[PDB]
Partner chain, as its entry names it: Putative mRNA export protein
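One chain follows as structure tokens, the form solved without the partner chain.
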């Protein structure tokens, strides 16, 4: 399915960035000029029930999470452990609007019909686990394990689709426990 491919590609990118200690801010509408000129509001971001103003702050919170679980200065804890690792279990995607038109160049509207599976606004739900202090590939030797849920609203990246990320985050709700 076209929506599964799009979602799969985003999911793989997004959590790879986090696991490689790289910023995800470039995946949000905030940092796309085409959307910005068209007057799109900043991404709605909620982290464990708290509103976060910018994706850059979310990136900072992820750094802080690593620091919080960085026990490398310990002389007794087992060596070769990674502070934080995100594992995706599965995801679900639902097309909210198959004829999404915000900031769309007119050619893109004409070129892609609502049935072509390109101009989609998608609701993406991701389920997985967060491992703290675990070996790089272990799901058993963690010090702490969380379950997390991510809910994204994705919109088409016109810049890329007419030629980076083919879809951008317009909304993000994160919950981990």
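Positions refer to the first chain, counted from 1.
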query: Entry-level comparison of average CA B-factors, 39-47 and 136-144, reporting the higher stretch; finding: 136-144
query: Mean temperature factor over C-alpha atoms, higher-scoring stretch between 80-88 and 102-110; finding: 102-110
query: Third of the chain's Cα B-factor distribution that residue 150 belongs to, per the entry; finding: lowest
query: Among modelled residues of the same chain, the CA temperature factor third for residue 169; finding: lowest
query: Third of the chain, ranked by Cα B-factor, where residue 32 sits; finding: lowest
query: Modelled-residue ranking by C-alpha temperature factor, third containing residue 25; finding: middle
query: Among modelled residues of the same chain, the CA temperature factor third for residue 116; finding: highest
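Form deposited with the partner chain bound: not shown, discussed below.
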| item | value |
| --- | --- |
| In the deposited bound form, the one of 26, 46, 138, 36 near the partner chain [non-hydrogen atom within 4.5 angstroms] | 46 |
| Residue (of 111, 31, 65, 54) lying close to the partner chain in the deposited bound form, criterion heavy atoms within 4.5 Å | 65 |
| Any non-hydrogen atom of residue 70 within 4.5 angstroms of the partner chain in the deposited bound form | no |
| Partner proximity in the deposited bound form: residue 75 to the partner chain, non-hydrogen atom cutoff 4.5 Å | yes |
| Non-hydrogen atom contact residue 119 with the partner chain in the deposited bound form at 4.5 angstroms | no |
| Partner proximity in the deposited bound form: residue 79 to the partner chain, non-hydrogen atom cutoff 4.5 Å | no |
| Contacts with the partner chain in the deposited bound form - residues in 160-177 whose heavy atoms fall within 4.5 Å | 171, 173, 174, 175, 176, 177 |
